[PDB]
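Chain by chain, the residues:
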Amino acid sequence: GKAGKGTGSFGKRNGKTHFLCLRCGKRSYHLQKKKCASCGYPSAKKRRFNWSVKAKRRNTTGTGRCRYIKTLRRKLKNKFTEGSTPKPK
Amino acid sequence: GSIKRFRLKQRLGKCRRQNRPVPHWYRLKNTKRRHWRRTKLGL
Amino acid sequence: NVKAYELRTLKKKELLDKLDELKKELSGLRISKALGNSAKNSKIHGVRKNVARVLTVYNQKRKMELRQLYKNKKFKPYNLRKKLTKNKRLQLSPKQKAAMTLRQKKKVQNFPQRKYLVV
Amino acid sequence: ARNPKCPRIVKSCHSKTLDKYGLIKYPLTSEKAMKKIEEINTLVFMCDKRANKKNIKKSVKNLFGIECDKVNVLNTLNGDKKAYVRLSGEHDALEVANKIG
RNA sequence: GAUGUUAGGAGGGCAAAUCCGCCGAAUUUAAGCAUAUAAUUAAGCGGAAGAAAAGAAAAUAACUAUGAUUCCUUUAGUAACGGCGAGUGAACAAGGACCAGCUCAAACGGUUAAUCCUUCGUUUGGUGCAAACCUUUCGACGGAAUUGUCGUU
RNA sequence: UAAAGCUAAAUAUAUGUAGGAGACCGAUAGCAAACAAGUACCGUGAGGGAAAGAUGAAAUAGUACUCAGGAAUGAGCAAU
RNA sequence: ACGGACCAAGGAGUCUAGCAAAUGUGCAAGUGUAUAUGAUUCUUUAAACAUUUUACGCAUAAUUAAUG
RNA sequence: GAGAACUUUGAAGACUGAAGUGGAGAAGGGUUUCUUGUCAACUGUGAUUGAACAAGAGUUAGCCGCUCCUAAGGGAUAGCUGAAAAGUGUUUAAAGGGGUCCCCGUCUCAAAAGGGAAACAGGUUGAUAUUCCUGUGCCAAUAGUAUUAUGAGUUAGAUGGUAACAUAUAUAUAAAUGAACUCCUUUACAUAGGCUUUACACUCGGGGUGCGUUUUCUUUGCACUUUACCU
RNA sequence: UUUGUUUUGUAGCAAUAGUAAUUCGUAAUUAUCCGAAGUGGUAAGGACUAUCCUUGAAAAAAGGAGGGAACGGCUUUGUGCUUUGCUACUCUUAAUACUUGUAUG
RNA sequence: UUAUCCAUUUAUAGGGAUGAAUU
Ligand SMILES: [Mg+2]
Ligand SMILES: [Mg+2]
Ligand SMILES: [Mg+2]
Ligand SMILES: [Mg+2]
Ligand SMILES: [Mg+2]
Ligand SMILES: [Mg+2]
Ligand SMILES: [Mg+2]
Ligand SMILES: [Mg+2]
Ligand SMILES: [Mg+2]
Ligand SMILES: [Mg+2]
Ligand SMILES: [Mg+2]
Ligand SMILES: [Mg+2]
Ligand SMILES: [Mg+2]
Ligand SMILES: [Mg+2]
Ligand SMILES: [Mg+2]
Ligand SMILES: [Mg+2]
Ligand SMILES: [Mg+2]
Ligand SMILES: [Mg+2]
Ligand SMILES: [Mg+2]
Ligand SMILES: [Mg+2]
Ligand SMILES: [Mg+2]
Ligand SMILES: [Mg+2]
Ligand SMILES: [Mg+2]
Ligand SMILES: [Mg+2]
Ligand SMILES: [Mg+2]
Ligand SMILES: [Mg+2]
Ligand SMILES: [Mg+2]
Ligand SMILES: [Mg+2]
Ligand SMILES: [Mg+2]
Ligand SMILES: [Mg+2]
Ligand SMILES: [Mg+2]
Ligand SMILES: [Mg+2]
Ligand SMILES: [Mg+2]
Ligand SMILES: [Mg+2]
Ligand SMILES: [Mg+2]
Ligand SMILES: [Mg+2]
Ligand SMILES: [Zn+2]
């Protein structure tokens, strides 16, 4: 078999099993299965495992800007009432 | 190939933009380059 | 270059007019940039800033008007409501927390924790 | 049928949705576009990625003395739409080019 | 009982070190191994908070008796469990930290549900430059509720 | 005095943020990561996962000028 | 017989628990202030100091399966 | 060009030999395309070349696709399981459409080769073309009210033809009443075998044009002599 | 209105476009583009015939039929329906105008 | 038989004597 288990067979490797994943952006959305390998995309849930500590660390709350959360931090310290500015002049 | 989804096309464009070198003037005040043949975008 | 303190006094229509003019100017600058020019390429930034300022002024005016419109009246838009951490919103108001069953209240009134200096 | 005592969310801000300024960004030079302008009275504009043909037409009508017969568009690989705008026979793209700049 | 894009609201997801529920192994130890051990652990699934849980005795004692829970020092590697092998193993008392008690149900009040809530309001205040807040008692119009609200202990 | 319910404190904290300390480590160490590091890169994928600090006081002293060179460079009676 | 092409750096009896022996030290029928408190203790001080104006451990007695 | 066995042009000699290193596409790649530069590294020899490096540019659609349909299938709704996570998909549902209350009825995704509204030619760019240009069409929409015209029919719904069936030729065959409710058909189908018909290709002979051979021979050898969808 | 003869039309698209020529200028003119046939490689269609314990998708969408629901318009009177009086009507494409969100891709 | 269970359909007339079929 010219298309035998090694190099010949690597020629027949076209056609993605995974594409890009809405939600994770991580090219791990199993197309045929319609399920992301690193998310469980359609499952409303993130699919993280205590057995994968590295994995956990590489997608936690800190990793990526925190558009709103960051802004809200310091507010407690300030304890300013909402709607209130400082005094002018 | 020659029939992409819009998203994919946009990603490709983004990658291309990323590719280009440091604007030289900045150097007076890059390691993530990728050549299309040797390293894949893996999309 | 128009700074906000001038703009607060202006009426909304006037503000809008100003904004449109600024936008037009910006567009012109962009066009120039696109064409082989670098004469007033650096002018654009200032214009952009001005536009932003104008937008801010107008937006705040609008918000104020909205607030005036929905003064009191129990319910309000969720924008004009007290945007505040969800948990806090959920939480019982201090008064509610305080509220005592009548007997307990009576007890409290009668036998409050006294001050009593021991000697 | 809804009859809410007050509306849920009221964006009092000036609209974020793209006006003429913002929709259509700038004309193209480049030899191609110049050629187009010369030969077949088609003006080439770079536009926002989220411009429609209708929208672009409207923008052109508003931004200039232009009447457009047909608008072709395409998404460039630089994340811009390039809109080829063929003017009605009454107008000379060259004259309008001059007017714009 | 369905039905509603009815009016108003709530849940969903992220994060987890501590925390609460389940669910639940095996490597390992026993110089083998099967009960044991690992371990009521890891992983899995769910759920909270600035802490959680526990908590006001169907408790311990057998004393001259103590007196919610939690935690520390100890009791104690003890009583006990265990191919009584390997190994596992508390509790009370004692000394502290800290200390806080309570309300439903049931009993009672029918010369009358006194309760409670939604919507609409009304008019004294207080801090604020505004924004908002803060409280003040007064009715209506709705309902809820006698298949039980409120007071009394 | 079971078969209903609530409850602050002492207690815990390898998570996050912010402080402060050290008979700690000193770039093959210390976090995987002192640096555009969970980055590059590999894996279809679950995942795997680096290397890489130091001129000088000052580059607002980063190599002018001349000669030889196609140029790189080299040389200098030239220069910081 | 095996390992060693060369060189540089890294690179392996450690730390805790509890027991014992040895030796030092204190006090000695006692000893150890354990938690915790207290102080005119507060960069060091997360140490040091103190112990209320019969706690507990181990020892001071053994032996028995045991009431003892 | 500093420098040329492997850059370019010409002249030879060769090969690929229409089952092609030729034209088109799919998957995959992702700007590798294109021009202008250009040589530190890379282009396992050289290199002035390059799919390298740098600067810019480049992808135009009602008709080509996707978009719609359903297929093997997938994900869900109801429940029902399960501590949940998940596992099953009418199993005991009060599960949106069509007509003027009755009558139907899970939803959704799954084909860039199945089903399917409609496009052809020539020209044009450094790089795109059934996508731009010129020309010529085609398809589907096209709300109401009011005029206009166009033709039909009636003075409430044409005629012909024995029949098979035909007939609206108005700019354009537009119009031949038709509701509920039904019933068909198209969509819509295997493989083999030859037979036939047309187009395309190839070829032959003649006429016309040009080029080639010409010591000798050759009314000669070669090229071109074209015709699209649409009506 | 049907028969005879002739001249056109590459049936329209269409020669204005292509091709091969020929000149003339520093883009324009001209001449050409047409009379017979064979081979049966490829494709498609046709009518068939044969094989099967194999009989060879579905739906959107469209069409046809069956059926006979409903039925002119305007004006006047009474509570969408009934009565009374008059004759241009019901379709049908195309254009045009006007309000209704800006009524073509 | 009423629990339970199975089947059947649009949950379609209570038990006995090779056309059309709908308002
Ligand atoms: Mg697959
Ligand atoms: Mg692809
Ligand atoms: Mg490759
Ligand atoms: Mg397009
Ligand atoms: Mg949750
Ligand atoms: Mg063993
Ligand atoms: Mg062993
Ligand atoms: Mg074994
Ligand atoms: Mg766990
Ligand atoms: Mg609690
Ligand atoms: Mg204890
Ligand atoms: Mg002991
Ligand atoms: Mg155990
Ligand atoms: Mg209790
Ligand atoms: Mg509790
Ligand atoms: Mg390191
Ligand atoms: Mg040997
Ligand atoms: Mg050996
Ligand atoms: Mg060796
Ligand atoms: Mg070695
Ligand atoms: Mg000793
Ligand atoms: Mg070579
Ligand atoms: Mg050959
Ligand atoms: Mg050969
Ligand atoms: Mg190229
Ligand atoms: Mg080389
Ligand atoms: Mg080049
Ligand atoms: Mg490149
Ligand atoms: Mg098509
Ligand atoms: Mg559908
Ligand atoms: Mg199916
Ligand atoms: Mg499923
Ligand atoms: Mg689909
Ligand atoms: Mg198809
Ligand atoms: Mg090309
Ligand atoms: Mg011609
Ligand atoms: Zn994902």
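Within each chain the first residue of the written sequence is number 1 and the count goes on from 1 in that order, possibly differing from the entry; residues lacking coordinates are omitted. As a convention, the first chain written is A and the first ligand written is 1, with the rest following in written order. All reported values concern the displayed chains, which form part of a larger assembly. Side-chain metrics rest on all non-hydrogen atoms present in the structure, leaving aside hydrogens and water. Residues with missing side-chain atoms are left out of burial classes, side-chain pairs and their counts.

Draft legend 1. Local environment of the UniProt feature "binding site: Zn(2+) 2" (unreviewed entry) in chain A. Residue and element names in this part refer to chain A. UniProt positions are given in the numbering used here, feature names are shortened, and annotations may be inferred rather than shown by experiment. Within this numbering scheme, the UniProt entry marks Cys21 and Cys36 as carrying the feature "binding site: Zn(2+) 2" (unreviewed entry). Maximum C-alpha separation among the annotated residues is 6.6 Å over a sequence range of 16 residues, consistent with a single clustered spot. Among the structural elements, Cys21 can be located in the loop between strand 1 (18-19) and strand 2 (29-30). Residue exposure (1.4 Å probe, protein chains only): buried if accessible area is under 20% of the type maximum, exposed if over 50%, otherwise partly exposed. With a relative accessible area of 7%, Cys21 lands in the buried category. In this text, helices come from DSSP runs of H or I with a minimum length of four residues, and strands from runs of E with a minimum of two, each type numbered from the N-terminal end. Among the secondary structure elements, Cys36 is positioned in strand 3 (residues 35-36). The class of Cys36 is buried, set by a relative accessible area of 2%. We call two residues in contact when some of their heavy atoms are within 4.5 Å. In contact with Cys36, other than residues within four places in its own chain, are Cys21, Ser28, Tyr29, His30, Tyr41 and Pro42.

Draft legend 2. Molecular detail of the side chain of D:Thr42. Residues and elements named next belong to chain D. Here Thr42 is to be found in strand 2 (residues 42-47). Among the polar contacts made by the side chain of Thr42, one reaches the main-chain carbonyl oxygen of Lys36 at a distance of 3.4 Å. With residues near it in sequence (within four places) discarded, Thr42 still touches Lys36, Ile37, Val85, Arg86 and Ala93. For the purposes of these results, a polar contact is taken to be a pair of N or O atoms within 3.5 Å, where, inside protein, one atom must be able to donate a hydrogen and its partner to accept one; residues adjacent in sequence count only when each atom of the pair is a side-chain atom.

Draft legend 3. Seen up close, the pattern of salt bridges. Within this document, salt bridges are pairs made up of a side-chain nitrogen of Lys or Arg and a carboxyl oxygen of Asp or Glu, the two lying within 4 Å of each other. Across all of its chains, the model carries two salt bridges over all chains by this definition. Of the charged contacts in the structure, one is a salt bridge between C:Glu65 and C:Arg62, with a shortest N-O distance of 2.7 Å. One end of the pair, C:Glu65, and the other, C:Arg62, are both in helix 3 (residues 43-69), three residues apart, so they sit about a helical turn from each other. Judged by its relative accessible area of 33%, C:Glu65 falls in the partly exposed class. Between D:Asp48 and D:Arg50 there is a salt bridge, and its shortest N-O distance comes to 3.6 Å.

Draft legend 4. Up close: the packing of aromatic side chains. In this analysis, rings of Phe, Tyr and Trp, with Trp reduced to its six-membered ring, are considered paired at centre separations within 6.5 Å, and the interplanar angle assigns stacked below 30 degrees, edge-to-face beyond 60, and tilted for intermediate values. Taken as a whole, this structure holds four aromatic pairs over all chains when the rule is applied. Centroid distance A:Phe49 to A:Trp51: 4.8 Å. Interplanar angle 15°. Geometry classified as stacked. The exposure class of A:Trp51 is exposed, given its relative accessible area of 64%. With centroids separated by 6.0 Å and ring planes inclined at 15°, the aromatic side chains of D:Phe45 and D:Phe64 adopt a geometry described as stacked. In this pair, D:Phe45 is assigned in strand 2 and D:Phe64 in the loop between helix 3 (53-63) and strand 3 (68-75), connecting sequence segments 19 residues apart. An identical accessibility class is assigned to D:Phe45 and D:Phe64; each is buried. Whether a charge sits over a ring depends on NZ of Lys or CZ of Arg being within 6 Å of the ring centre and within 35 degrees of the ring normal. Of note, C:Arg81 hangs over the ring of C:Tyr78, and the distance from its end group to the ring centre comes to 4.3 Å. Over the ring of D:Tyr84 we find D:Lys36; its NZ or CZ atom is 5.8 Å from the centre of that ring.

Draft legend 5. Representation of the state of the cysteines within the structure. Note on terminology: pairs of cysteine sulfur atoms within 2.5 Å are recorded as disulfides. This structure, assessed with the given rule, holds zero disulfides over all chains. The structure places no disulfide on B:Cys15, whose sulfur is separated from the nearest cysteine sulfur, that of A:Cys24, by 16 Å. The exposure class of B:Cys15 is buried, given its relative accessible area of 9%. Of all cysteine sulfurs in the structure, the one in D:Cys47 sits closest to D:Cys68, which takes part in no disulfide; the separation is 11 Å. Taking the relative accessible area as the measure of exposure, D:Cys68 reaches 16% and is therefore buried.

Draft legend 6. Layout of the environment of A:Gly15. For A:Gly15, the location among the structural elements is in the loop between helix 1 (7-10) and strand 1. In this structure, the C-alpha to C-alpha distance between A:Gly15 and A:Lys46, residues 31 residues apart in sequence, is 27 Å.

Draft legend 7. Here's a closer look at the interface of chain B and chain D. Counting from both sides, the interface comprises seven residues of chain B and, opposite them, five residues of chain D. Throughout, buried area stands for the accessible area (probe radius 1.4 Å) lost by two parts on being put together, summed over both. In this assembly, chain B packs against chain D so that about 570 Å² is buried in total across both faces, 52% of it on carbon and sulfur atoms. Broken down residue by residue, the surface that chain B buries against chain D is led by B:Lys9, B:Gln10 and B:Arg16, which jointly contribute 61%. Taken together, the links from chain B to chain D amount to two residue pairs in polar contact. Each residue receives one of three labels: charged for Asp, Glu, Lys and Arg, nonpolar for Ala, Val, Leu, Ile, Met, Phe, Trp, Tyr, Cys and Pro, and polar for the others, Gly being one of them. A per-class count over the side of chain B that touches chain D returns two nonpolar, two polar and three charged.

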